[PDB]
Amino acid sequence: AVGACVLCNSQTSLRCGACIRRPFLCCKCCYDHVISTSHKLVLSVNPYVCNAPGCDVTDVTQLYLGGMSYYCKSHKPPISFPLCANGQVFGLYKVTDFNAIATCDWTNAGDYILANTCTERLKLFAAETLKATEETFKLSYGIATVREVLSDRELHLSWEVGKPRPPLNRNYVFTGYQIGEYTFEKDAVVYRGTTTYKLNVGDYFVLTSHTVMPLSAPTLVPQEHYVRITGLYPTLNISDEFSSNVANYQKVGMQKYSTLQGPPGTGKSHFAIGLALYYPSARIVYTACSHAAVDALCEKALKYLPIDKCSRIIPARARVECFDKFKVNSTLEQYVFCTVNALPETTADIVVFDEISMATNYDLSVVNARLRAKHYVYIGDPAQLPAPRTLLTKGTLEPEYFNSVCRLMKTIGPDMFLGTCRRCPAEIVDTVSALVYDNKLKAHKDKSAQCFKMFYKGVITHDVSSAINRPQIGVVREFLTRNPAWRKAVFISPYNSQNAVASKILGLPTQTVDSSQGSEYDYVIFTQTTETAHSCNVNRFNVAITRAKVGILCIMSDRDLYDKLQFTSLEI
C-alpha cells in the first residue's frame, strides 16, 4: 500500500476504494474527498472496514481505531479514536475539482472542461478515469449472433434481447470470435473483417474491453526556453522549398516544445518533413493517433527524405492496411513513423505529434511516457475535428478543451501559425477564415467560380440515429447531369447512412466529414443532411468545405451556415 497522493504528493497508506482507478490519497485530502462525495470505502494494507465478525460497516465516517484494528460505532472498544476526525483519515505518514472528476459519469461537457482546466496530475487522473469509464461502458451492449452470410462482404445479424445495440459505424471495432477485429455498415449489413476469414453462421461478437494503463508522464512536459538551438545542428544549404519555415525551425530548437496551428492546406506535412531537412543529423519520430495521419506523414517523407533511414512501425496485432513503402518495425531508423498506441520505448532529437486536435490527454501523456526527446513539436488545428468522446451526450466540447495543446493554442495562441492556404479556391478560404480563424487565413488561389451553395431542407429519415436526406441526394443527381465535370467528385456528408444511400444513387466515392480530415479532392459534393448540432458544428463545417482544391457544391439545411458560405447560390 506504499504510494504518493494524486493531489498533493504527501505519501500515504490510503487509497480510495470507491474510485474506479483507486488513487492514493493523503490523510488530509482523503478526508476532504470522503466527506464531500458518496465515496466512503477507504483502502489501506487492510481495508477500512469494521473488524467485528459479520459487520458490514465499510463507510470510513462510521469507523474508529480500536488500538490498531478498525470498528464501527456499535462495535468499537471504549478507547477508540474516530477514523474521520480533524480534517484527516488516519493512516501512515500524516479538492472540489478532484471530487467532480472522481464522481462524474463523463456524459456532460463540463466534465471534459474540468479534465482540462484542472492541475496536471488531475488531468492524468481524469484521462485515466475517463478511459476506464469508456471501457467498462462496452460491457453494456448486447452480443451479435450471425444469422446468414450473403457474400464475402455481406451478412445478417441477430441481436441480444434486453441489452441495447451499439452504433454500427467504422468508429466501433468489434472484436469477433478467435478470428480478429471486425467492423459493420448497413436488413443487409456489410461485414469488414480485418483478418479475412469465412464468416461462419451462428458465430458471436463481443466488444473490445481493453485495459486502461496508469498515466505516469504529464500531458505537456514543463516548458523550457533556450537562448540558442539546443542539441540540433542546422544546414546552411537549406532548400528554398522550406525557406518559408526557417525562422520557425529555429523557434523549434529554442524551446522544449512548440505548437503549430496550421489551417487546411497551409503546409503542415511540408513543415514537419522540412524540419528533418533543416536538422539533417537529427533523429525524428513522427507520431499521430490515426494510421491515416501517420501515412500522410509517410507520403510526404517518401518525396523528401531518404527511404533507407525511414521505418514504418506497425503493431503486430495489425488492425487495418497502412503505409507499405518503408522498412517495417526497424525501431532504430533515423526517421520513425508510428501511431501513439504502437509507440516503442525510445528517445529522439525531435518528436513530431501531428493532427493535435485528435489527441486526447491520455494520448498526450502516453507520448511523453514512451518518447524522451530534446524537442517536441505539436502540429494541428483547434478549428478542426477532435477525437470522438463516445460517452459525451450533453453539451458541446469547445476547441480549448480538446486537449492541453489545443487549450494552449486557443488561450495563449500557437507558437507558430501557417497563414496561407495553398489548396482551396478563395471562396472556401474567405468563408473558413471568417468562420474559425478570425480573418487571419489568407487565400493563395484565386476564386475558382466553382463553389456553389443550395439551400434545400428536403426530407430527413433516420436509420437508428444516423440521418438520411434522399431529396438532397436527388438534387445532387440533378446537378450532376447538368455538370458532368463533377463526375470525379467525392461525396461528403456528416452521416454514414447518408453516404451509403448516396453511394448507391450517385455512384461517387463516399466520405464522412470526420474521415475526410487530412485528405484533399478536386471536387467535393457536400449534403448537410440535417440541421442538428452535429451537422452544424463549425469545426466539422470547416473540415468539410476545406477538402476541395477546385470546386464544391454544398446542399445546406442550416440558414446560418448557408448565409455564411461565400459561394455562388444555385436555384431549384
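Numbers follow the displayed sequence, beginning with 1. For the two forms, the rigid core is made up of the largest set of C-alpha atoms that agree within 1.5 Å on superposition.
Chemist: Find the stretch among 199-207 and 437-445 with the larger RMS C-alpha deviation in 9 other deposited structures of this protein, all structures being superposed on the shown form by the rigid core.
Modeler: Stretch with the higher C-alpha RMS distance in 9 other deposited structures of this protein: 199-207.
Chemist: Relative to the presented form, and with the rigid core used for superposition, do the C-alpha atoms of 169-177 or of 264-272 deviate more in 9 other deposited structures of this protein?
Modeler: The stretch that sits farther from the shown form in 9 other deposited structures of this protein is 169-177.
Chemist: Check whether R370 has no coordinates in at least a third of the other compared PDB entries of this protein, counting only entries that model residues on both sides of it.
Modeler: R370: modelled in all of the comparison entries.
Chemist: Counting the other entries of this protein, is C406 left out in at least a third of them?
Modeler: No, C406 is modelled in every one of the other compared entries that cover both of its flanks.
Chemist: What size is the break between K186 and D187 in terms of deposited sequence residues left without coordinates: none, 1 to 3, 4 to 9, or 10 or more?
Modeler: In the record, 4 to 9 residues between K186 and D187 lack coordinates.
Chemist: Enter the number of deposited residues without atomic coordinates between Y177 and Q178, binned as none, 1 to 3, 4 to 9, or 10 or more.
Modeler: Gap between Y177 and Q178: 4 to 9 residues without coordinates.
Chemist: Which wins on mean Cα temperature factor, 98-106 or 84-92?
Modeler: Taking the mean B-factor of the alpha carbons in each, 84-92 is higher.
Chemist: Could you check which stretch, 229-237 or 436-444, carries the larger mean CA temperature factor in the entry?
Modeler: Stretch with the higher mean C-alpha B-factor: 229-237.
Chemist: Going by the CA temperature factor in the entry, name the top one among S281, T431, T390, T133.
Modeler: In this record, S281 carries the highest C-alpha B-factor of the candidates.
Chemist: Kindly indicate the residue among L150, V366, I273, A426 with the greatest C-alpha B-factor in the PDB record.
Modeler: Comparing C-alpha B-factors across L150, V366, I273, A426, the maximum falls on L150.
Chemist: Sorting the chain's CA B-factors, does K28 end up in the lowest, middle or highest third?
Modeler: CA B-factor rank for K28: highest third.
Chemist: Lowest, middle or highest third: where is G67 by Cα B-factor in its chain?
Modeler: Its C-alpha B-factor, which the entry lists for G67, ranks in the highest third among residues of this chain.
Chemist: Please say which third, lowest, middle or highest, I572 falls into when its CA temperature factor is compared across its chain.
Modeler: Middle third - that is where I572 ends up once the chain's C-alpha B-factors are sorted.
Chemist: Going by the CA temperature factor in the PDB record, which third of the chain does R422 belong to: lowest, middle or highest?
Modeler: Lowest third of the chain for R422's C-alpha B-factor.
Chemist: By the record's CA B-factor, is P414 among the lowest, middle or highest third of residues in the chain?
Modeler: For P414, whose C-alpha B-factor we compare with every modelled residue in the chain, the answer is the middle third.
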